[PDB]
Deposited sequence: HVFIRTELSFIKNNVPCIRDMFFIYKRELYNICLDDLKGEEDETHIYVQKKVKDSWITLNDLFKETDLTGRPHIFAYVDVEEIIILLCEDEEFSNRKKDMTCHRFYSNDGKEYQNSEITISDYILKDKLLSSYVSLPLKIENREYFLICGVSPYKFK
């Protein structure tokens, strides 16, 4: 009937990350770390006991501030998106693609009049959502009520 098991391992990180972001890829464990003067967006991997910086995606960008991050892990493919924090009317982002977790391939895109014009967003990892024979990745946002 019931089987429950618990183990504890420790990991140290070179980088004191402002925000951690965890994903499993090929049963390896990967992190998207964020330090912050000076800033980076490091793609890291746990080989046992320590994280290992594999990429800096911030470098390959014309990106002025701190972006929202939307990561998506299909089984074979990893797709990450760095989206500039508003505040125009359309939103630009830079995406990175791998099928291997080591070598991420640059790019840049723009969504004009994008649907989330006045929505607040925050970074997250996710999976494709099957909706009648189609896979969709979602970027979702919330209405701004608190006075600013």
Gaps vs the deposited sequence (1-based, no CA atoms) are 37-41, 93-96
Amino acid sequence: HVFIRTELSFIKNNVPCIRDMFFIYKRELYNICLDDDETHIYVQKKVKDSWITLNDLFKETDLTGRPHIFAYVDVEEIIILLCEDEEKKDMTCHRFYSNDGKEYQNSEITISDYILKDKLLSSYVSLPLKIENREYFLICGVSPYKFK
From here on, numbers count along this sequence of modelled residues.
Averaging the C-alpha temperature factors as deposited, the higher value of 99-107 versus 66-74 falls on 99-107
Got a sec? Mean C-alpha B-factor, which is higher, 116-124 or 49-57?
49-57
Highest-ranked of 21, 24, 15, 139 once sorted by CA temperature factor in the record:
15
Binned into thirds over the chain's modelled residues, the C-alpha B-factor of residue 44 lands in the middle
